[PDB]
Ligand code: NA
Ligand code: NA
């Protein structure tokens, strides 16, 4: 079986938000998003995929549709297919998210 | 948007493993599994769904195919469609897992 210690996979990118693939199949993307202060995933729309952001470390501002939320460790936000969504690190510390997208875009 | 504090949703069941739905759509099941010592998710096979177990608290023994692993906090294991899989709490403390299944069985 495929098994990973997500703590070990964590890494950052000074140029832009790091997208770290953990597992992948046509059925889903299981990734880690590592955001340094000021970094973000630009707002976008997935025609037929749902996405869920879960905060592992730090805090980020998640945008889904016409609403925004402060996602702190232990919190998860759902972005249904068709809804514009994104995430921004507006804090002064790094943030790490477990992000699942299904099916694979 | 749907947003939840998973820490608040956590709960246990003395009769059997608790399955706590967080978010759900035809595209995926996003659940929390709460296992008291001795509890487990019986081994089974999903014809067309992949599943990923992520340990939030405690440790569990995950079985996928002909292999078993000790999943400690921060570790994730992938169970591809068609593979017999299950999870058992063989420790002396409770365990909490974030479990994603896609698509919804
Ligand atoms: Na991988
Ligand atoms: Na819910």
Consider only pairs whose beta carbons are under 8 Å apart and that are at least six residues apart or on different chains; among these, list those whose first residue lies in region A:5-22 and is within 14 Å of chain B (Cβ to nearest Cβ) and whose second residue is surrounded by 13 or more Cβ atoms within 10 Å (Cβ to Cβ) and outside any strand (DSSP E or B).
-> A:5/B:74; A:6/B:74; A:7/B:74; A:20/A:9; A:20/A:10; A:22/A:6; A:22/A:9
Which residues, counting only those in region A:64-85, are closer than 15 Å to residue B:3 by Cβ and either surrounded by fewer than 21 Cβ atoms within 10 Å (Cβ to Cβ) or out of contact with any strand residue (DSSP E or B) (no Cβ under 6 Å at 6 or more places or on another chain) (or both)?
-> A:65, A:66, A:67, A:68, A:69, A:70, A:72, A:73, A:74, A:75, A:80, A:83
Residues of region B:60-87 satisfying the condition of being under 16 Å from residue B:32 (Cβ atoms), touching a residue at least 24 places away in the same chain (Cβ under 8 Å) and more than 8 Å from chain A (Cβ to nearest Cβ) | B:60, B:87
Just wondering, is there one or more residues in region B:32-52 that are within 16 Å of ligand 2 (Cβ to nearest atom), more than 11 Å from the chain's Cα centre (by Cα), in contact (Cβ under 8 Å) with a residue 24 or more places away in the chain and exposed (fewer than 15 other Cβ atoms within 10 Å of the Cβ)?
-> no
The strands (runs of 3 or more DSSP E) lying entirely within region B:1-84 that contain at least 2 residues which are touching a helix residue (DSSP H, G or I) at 6+ places or on another chain (Cβ under 8 Å) are B:18-25, B:50-57, B:75-79
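Looking for something at the interface with chain B (Cβ under 9 Å from one of its Cβ atoms) and under 17 Å from residue B:98 (Cα atoms) - is there at least one such residue anywhere in region A:30-37?
yes
Read-outs: derived from the displayed coordinates by stated rules, not from any lab. Ideal geometry is used to build each Cβ from the backbone, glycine not excepted, and the neighbour counts take in all protein chains shown.
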